[PDB]
Amino acid sequence: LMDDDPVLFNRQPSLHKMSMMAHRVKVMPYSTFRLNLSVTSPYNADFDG
Amino acid sequence: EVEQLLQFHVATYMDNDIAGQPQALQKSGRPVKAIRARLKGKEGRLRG
Amino acid sequence: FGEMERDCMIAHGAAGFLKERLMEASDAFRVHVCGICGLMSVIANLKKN
Amino acid sequence: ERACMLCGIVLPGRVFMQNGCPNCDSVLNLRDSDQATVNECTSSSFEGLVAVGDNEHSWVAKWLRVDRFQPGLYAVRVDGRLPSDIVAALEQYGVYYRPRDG
Amino acid sequence: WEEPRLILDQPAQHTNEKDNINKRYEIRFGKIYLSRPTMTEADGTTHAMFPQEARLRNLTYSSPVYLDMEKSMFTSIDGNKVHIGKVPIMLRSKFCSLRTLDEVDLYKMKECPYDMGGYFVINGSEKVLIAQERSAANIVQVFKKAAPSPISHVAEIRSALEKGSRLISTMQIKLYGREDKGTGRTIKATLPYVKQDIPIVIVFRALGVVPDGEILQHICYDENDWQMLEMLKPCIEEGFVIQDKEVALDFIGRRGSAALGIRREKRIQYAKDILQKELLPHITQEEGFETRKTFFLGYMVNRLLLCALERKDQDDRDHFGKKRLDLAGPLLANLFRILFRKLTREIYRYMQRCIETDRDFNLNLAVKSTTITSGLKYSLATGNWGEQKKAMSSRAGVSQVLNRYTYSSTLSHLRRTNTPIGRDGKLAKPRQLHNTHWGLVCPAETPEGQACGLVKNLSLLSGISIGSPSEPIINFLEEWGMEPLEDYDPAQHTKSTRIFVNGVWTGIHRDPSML
Amino acid sequence: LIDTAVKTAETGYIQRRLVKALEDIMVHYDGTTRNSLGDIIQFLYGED
Amino acid sequence: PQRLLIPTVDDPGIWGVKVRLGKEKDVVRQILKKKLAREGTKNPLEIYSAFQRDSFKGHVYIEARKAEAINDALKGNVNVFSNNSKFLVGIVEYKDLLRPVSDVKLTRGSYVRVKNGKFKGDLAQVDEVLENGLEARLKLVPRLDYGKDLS
RNA sequence: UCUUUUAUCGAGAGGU
DNA sequence: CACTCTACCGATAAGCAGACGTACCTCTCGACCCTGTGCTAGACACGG
DNA sequence: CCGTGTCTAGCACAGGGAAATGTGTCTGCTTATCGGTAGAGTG
Ligand SMILES: [Mg+2]
Ligand SMILES: [Zn+2]
Ligand SMILES: [Zn+2]
């Protein structure tokens, strides 16, 4: 997997059709995913674990 | 009576929760997984 | 890949992505069937054709 | 437990040695025998245990031909047959042996 | 001593010269012997055990139990300490090798002085008994119904005996007659081992109080209560056809299942021993005392007809004063009773075989001690609390694994209680925090998700009672002047104070303050 | 906390019934909003 | 002749009763003890006989005149099912209940299958039988190690 | 020139 | 030409039984019983 | 008195086969009661 591939991106449980979106890949070190914070509204997500 | 027993086997070969008569147990005392149950349910075939 | 994510990928409309997710990337299989009776009871042999 | 081949009664084997058969011993004399004799006239192998409480009015007893005998446990089927020498001796006594082995 | 002896018997007719010999085989059981835990090596040697090696080698930690036996022979023509199994031992209780010693040796024995004990050890593991919970028994509760039902008010009671602290029977009384619906406003009860809702006048007169002044004398406590008296009329108009005792006795005897053909002669005796035993067993089971039960039923019907006409609120089912916790005592007892019955009956059967060949049963070989050991070790080992062959339909999740992680998530585990109401039916009445939970349980600490409000954690200054006998209290009472029951008369005792003791109603007094 | 523990699963099952009820209604090439076999639900989608 | 002993309407009835499997002989025994113990008393057990056929697992048959006597015979018997399951036998079915018996096979030179031991399941030829008539000498393909791992 | 194994049923404790 | 007296289909409840409990993910702890038959070992008796 | 053989008892392994009685809402479908006639045997 390399830079600029389009991957599907999902959180459970998905409700409205905005909880499954395709992002562009960007390789980074360490062990966690990364999100721009502006996409925390359709996912109903927060970084508290 | 034995023929009725054969009817009972053919019955519990496709249904275990036959309302009306006790569940045919395993050797170790647990209810047998009749075919009717591999399918229905959240964890069967058509959901799982 | 729960039923709800299936509902979402129906909401987007990507039918090819679904046909993929539920075939190649899981469990594909092939069956030789007849055309008169219509059952999966065909006795087949390939290297003898 | 053994079953008398002549009358079909079921008793502990030692009884056949101690007291003889209570129905038959007037002719069989098992009381005064050796174990080989007792074992030739009584069988360790039998089937169909019958409690006969009222010999003389039981139809079951009449069918099994134990209606003239004493109340007790009897066997429907007794395996083996009396030795020919004992059958011959019983016949000398006016007793007719009808085998109970089927 | 719940079942003191065993008795066989042998009548006669044993291939002899008409000589009876009535032979009974009786076995008696006196004295217990408990020894400290001991390891029996595979080599054959035995030596003392301490919990450290009990944990290391994946072992159990139990004590042998010795029980004495004795036999006797009845006739009429016309041995010693038997090892009955092992019992797991709780750490730091008197019967342990750690209640003494003190520090320096506790350090030599590889044990921390900050561990507080309270957990079992099975198969090299640490088990804990979740304080279980049940409802209180031997009181009187009056609940109501919803409205698409022909029943408006119900009085209920579970009856349980004291030596043993175990439940027996369930008895009810139902008030029909919906508010101006259902035609008759009659009262019908329910008994153990019956089929139909038997009326109430029939059980009064069935106990031996055939007139009406005695009945309306027992039920109501005033001669001005013409409202309750106004509701009573259909009960006597319903119980008119029966006028004496025997026809009501057999009126009940015919319904009580039994066989089918125990006519008047034997069936009356059937209904009689039914109305001595099952009905209200926590009161007594000896004859010549049915007056007592009649007084009690009078109080019960009185309370029902005080709740129906709306003079006192319906009972709340969650008032914390009406609940009892079952800790490590009232649990281990029941299982051991069951297993002990099983052992007794196996000894019975082996005795039957070894006596048919006319021999002596050695007692040393007539006991298979693996019953109690395997039963206890199984029930504490898995958690399905009950037996093995009855896997389902038996309670699960009572013995859990200790939660060794931090030092708070352990004290917060040896103090936990669990209510088995379920997970279905949603409802927000057994899950809320009741007003009577002030200082008896914690308000904040509780899990989340499915079991919010169910799992509880006791407060920091709480305590569980043990169980004292009541006869001393009875003496201290009958000193000062508790008037017995039979001298009672409600027109004579319209201002008395009614003294209850453990629920059963034993006497009345007059001036309560000095008492 | 109790009410929060109660209602969410209720709403989830309700949504499963809704979605399993409405999942074959398409917009064919001329404005009709037919189901799986032609029962014109709406003659013109959204009325406009 | 046996044909003169057939049952008639004047003979007692026979009821069958369901009992715990393997406990049929015990129940027959227990009935006899009860009968003999009550003979001549004011409450005799009014049964004539009782029996149990091996071919008929889980049943005892009891001969009497009244059904109540059947209930009396079984009262308190721990091997009997409490459900009111007794059934009536027809007179025309009586003698068949008491049929004493032709497998009795086995001939030298024939094949049999062994049922026990290391040769369990193996085919063997019958070579000969003991004089008394109990054990048979069998010719068997051996399963040997020639002492290879013996100590 | 590859390849290369994770039982089963059930129970409980948890995280969003 | 009033009369009942019964064979109809309504419309009742009426009782009944069963069918049904969010989504995904992590972790730890357990296993058939009883009876009968055969083989081996120990003890007792008999013979040398 | 000692040794050998036979018999009995106990233990282990393998094969075959079950039971003493002891949570709550809804809808539809399968059974009794009710009427109601709606006729015909009747005076
Ligand atoms: Mg979160
Ligand atoms: Zn074809
Ligand atoms: Zn004889």
# chains A, B, ... in the order shown; residues from 1 in each chain; ligands from 1

call {"tool": "interface_residues", "arguments": {"of": "chain B", "to": "chain E", "cutoff": "9 Å", "atoms": "only C-alpha atoms", "output": "short mmCIF file (atom, residue, chain, number, x, y, z; two decimals) with C-alpha atoms, in the first residue's frame"}}
result
data_model
loop_
_atom_site.label_atom_id
_atom_site.label_comp_id
_atom_site.auth_asym_id
_atom_site.auth_seq_id
_atom_site.Cartn_x
_atom_site.Cartn_y
_atom_site.Cartn_z
CA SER B 28 -23.61 -35.68 27.52
CA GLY B 29 -27.03 -34.11 28.18
CA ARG B 30 -27.22 -31.12 25.85
#

call {"tool": "residues_near_ligand", "arguments": {"ligand": "ligand 2", "cutoff": "6 Å", "atoms": "only C-alpha atoms (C1' of nucleotides) and all ligand atoms", "output": "list in words"}}
result
residues 34, 36 and 37 of chain C

call {"tool": "residues_around", "arguments": {"residues": "residue 11 (chain J)", "least_positions_apart": "6", "cutoff": "12 Å", "atoms": "only C-alpha atoms (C1' of nucleotides)", "output": "list in words"}}
result
residues 37, 38, 39, 40 and 41 of chain I

call {"tool": "residues_near_ligand", "arguments": {"ligand": "ligand 3", "cutoff": "12 Å", "atoms": "only C-alpha atoms (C1' of nucleotides) and all ligand atoms", "output": "MDAnalysis selection string"}}
result
chainID D and resid 2:11 15:16 19:31 38 41:43 65:66 68:70 72:75 78 82 97 99:100

call {"tool": "residues_near_ligand", "arguments": {"ligand": "ligand 1", "cutoff": "12 Å", "atoms": "only C-alpha atoms (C1' of nucleotides) and all ligand atoms", "output": "JSON, numbers by chain"}}
result
{"A": [11, 12, 40, 43, 44, 45, 46, 47, 48, 49], "H": [15, 16]}

call {"tool": "select_by_dssp", "arguments": {"residues": "region 71-306 of chain E", "states": "helix (DSSP H, G or I)", "output": "ChimeraX atom specification"}}
result
/E:103-108,201-207,213-219,226-238,245-253,264-277,290-306

call {"tool": "residues_around", "arguments": {"residues": "residue 29 (chain I)", "least_positions_apart": "5", "cutoff": "10 Å", "atoms": "only C-alpha atoms (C1' of nucleotides)", "output": "count of residues only"}}
result
5

call {"tool": "atom_distance", "arguments": {"atom1": "CA of residue 342 (chain E)", "atom2": "CA of residue 52 (chain G)"}}
result
29.3 Å

call {"tool": "closest_atom_pairs", "arguments": {"of": "chain A", "to": "region 2-15 of chain C", "cutoff": "12 Å", "atoms": "only C-alpha atoms", "output": "tab-separated table"}}
result
residue	atom	partner	partner_atom	distance
A:8	CA	C:9	CA	10.7
A:9	CA	C:5	CA	11.1
A:10	CA	C:5	CA	8.5
A:11	CA	C:5	CA	9.3
A:12	CA	C:5	CA	8.5
A:13	CA	C:4	CA	7.7
A:14	CA	C:5	CA	6.4
A:15	CA	C:4	CA	7.2
A:16	CA	C:8	CA	7.3
A:17	CA	C:8	CA	5.1
A:18	CA	C:8	CA	8.1
A:19	CA	C:8	CA	8.0
A:20	CA	C:8	CA	7.2
A:21	CA	C:12	CA	9.8
A:22	CA	C:12	CA	11.5

call {"tool": "residues_around", "arguments": {"residues": "residue 46 (chain F)", "least_positions_apart": "5", "cutoff": "12 Å", "atoms": "only C-alpha atoms (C1' of nucleotides)", "output": "PyMOL selection string"}}
result
chain F and resi 27+31-33+41

call {"tool": "write_last_selection", "arguments": {"atoms": "N, CA and C atoms", "output": "PDB file, in the first residue's frame"}}
result
ATOM      1  N   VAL F  27     -35.743   4.188  -9.002  1.00  0.00           N
ATOM      2  CA  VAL F  27     -36.255   5.232  -9.882  1.00  0.00           C
ATOM      3  C   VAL F  27     -35.908   4.870 -11.320  1.00  0.00           C
ATOM      4  N   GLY F  31     -39.135   8.322 -14.467  1.00  0.00           N
ATOM      5  CA  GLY F  31     -39.782   8.988 -13.359  1.00  0.00           C
ATOM      6  C   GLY F  31     -40.592   8.100 -12.446  1.00  0.00           C
ATOM      7  N   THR F  32     -41.032   6.935 -12.906  1.00  0.00           N
ATOM      8  CA  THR F  32     -41.774   6.036 -12.039  1.00  0.00           C
ATOM      9  C   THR F  32     -40.879   5.526 -10.914  1.00  0.00           C
ATOM     10  N   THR F  33     -41.492   5.303  -9.755  1.00  0.00           N
ATOM     11  CA  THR F  33     -40.780   4.866  -8.560  1.00  0.00           C
ATOM     12  C   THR F  33     -41.317   3.499  -8.162  1.00  0.00           C
ATOM     13  N   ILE F  41     -45.335   2.885  -6.989  1.00  0.00           N
ATOM     14  CA  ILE F  41     -45.550   3.573  -5.722  1.00  0.00           C
ATOM     15  C   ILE F  41     -45.853   5.045  -5.946  1.00  0.00           C
TER      16      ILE F  41
END

call {"tool": "interface_residues", "arguments": {"of": "chain E", "to": "chain H", "cutoff": "9 Å", "atoms": "only C-alpha atoms (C1' of nucleotides)", "output": "list in words"}}
result
residues 382, 383, 384, 396, 397, 400, 401 and 403 of chain E

call {"tool": "atom_distance", "arguments": {"atom1": "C1' of residue 38 (chain J)", "atom2": "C1' of residue 7 (chain I)"}}
result
9.7 Å

call {"tool": "interface_residues", "arguments": {"of": "chain J", "to": "chain B", "cutoff": "12 Å", "atoms": "only C-alpha atoms (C1' of nucleotides)", "output": "ChimeraX atom specification"}}
result
/J:16-19

call {"tool": "atom_distance", "arguments": {"atom1": "CA of residue 21 (chain B)", "atom2": "CA of residue 338 (chain E)"}}
result
28.2 Å

call {"tool": "residues_around", "arguments": {"residues": "region 174-177 of chain E", "least_positions_apart": "6", "cutoff": "6 Å", "atoms": "only C-alpha atoms (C1' of nucleotides)", "output": "list in words"}}
result
residues 150, 151, 153, 154, 184, 185, 186, 187, 188 and 189 of chain E

call {"tool": "write_last_selection", "arguments": {"atoms": "N, CA and C atoms", "output": "mmCIF file, in the first residue's frame"}}
result
data_model
loop_
_atom_site.group_PDB
_atom_site.id
_atom_site.type_symbol
_atom_site.label_atom_id
_atom_site.label_comp_id
_atom_site.auth_asym_id
_atom_site.auth_seq_id
_atom_site.Cartn_x
_atom_site.Cartn_y
_atom_site.Cartn_z
ATOM 1 N N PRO E 150 -59.492 -10.222 35.711
ATOM 2 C CA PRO E 150 -60.600 -10.371 36.668
ATOM 3 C C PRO E 150 -60.161 -10.357 38.122
ATOM 4 N N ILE E 151 -58.947 -9.906 38.424
ATOM 5 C CA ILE E 151 -58.432 -9.900 39.788
ATOM 6 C C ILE E 151 -57.893 -8.513 40.110
ATOM 7 N N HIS E 153 -56.953 -7.468 43.681
ATOM 8 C CA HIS E 153 -56.025 -7.454 44.803
ATOM 9 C C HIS E 153 -55.624 -8.877 45.160
ATOM 10 N N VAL E 154 -54.347 -9.054 45.497
ATOM 11 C CA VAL E 154 -53.778 -10.366 45.781
ATOM 12 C C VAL E 154 -52.936 -10.283 47.047
ATOM 13 N N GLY E 184 -69.470 -11.299 40.759
ATOM 14 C CA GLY E 184 -69.247 -11.529 42.173
ATOM 15 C C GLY E 184 -67.934 -11.008 42.720
ATOM 16 N N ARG E 185 -68.000 -10.316 43.854
ATOM 17 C CA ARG E 185 -66.809 -9.862 44.569
ATOM 18 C C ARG E 185 -66.410 -10.886 45.632
ATOM 19 N N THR E 186 -66.109 -12.096 45.168
ATOM 20 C CA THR E 186 -65.797 -13.205 46.053
ATOM 21 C C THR E 186 -64.283 -13.345 46.227
ATOM 22 N N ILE E 187 -63.881 -14.067 47.272
ATOM 23 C CA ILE E 187 -62.477 -14.319 47.572
ATOM 24 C C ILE E 187 -62.208 -15.803 47.358
ATOM 25 N N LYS E 188 -61.148 -16.119 46.621
ATOM 26 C CA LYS E 188 -60.765 -17.503 46.376
ATOM 27 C C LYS E 188 -59.265 -17.669 46.579
ATOM 28 N N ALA E 189 -58.886 -18.737 47.272
ATOM 29 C CA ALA E 189 -57.498 -18.973 47.642
ATOM 30 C C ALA E 189 -56.822 -19.915 46.657
#

call {"tool": "closest_residue", "arguments": {"among": "B:7, B:39, B:33, B:18", "to": "chain I", "atoms": "only C-alpha atoms (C1' of nucleotides)"}}
result
B:18
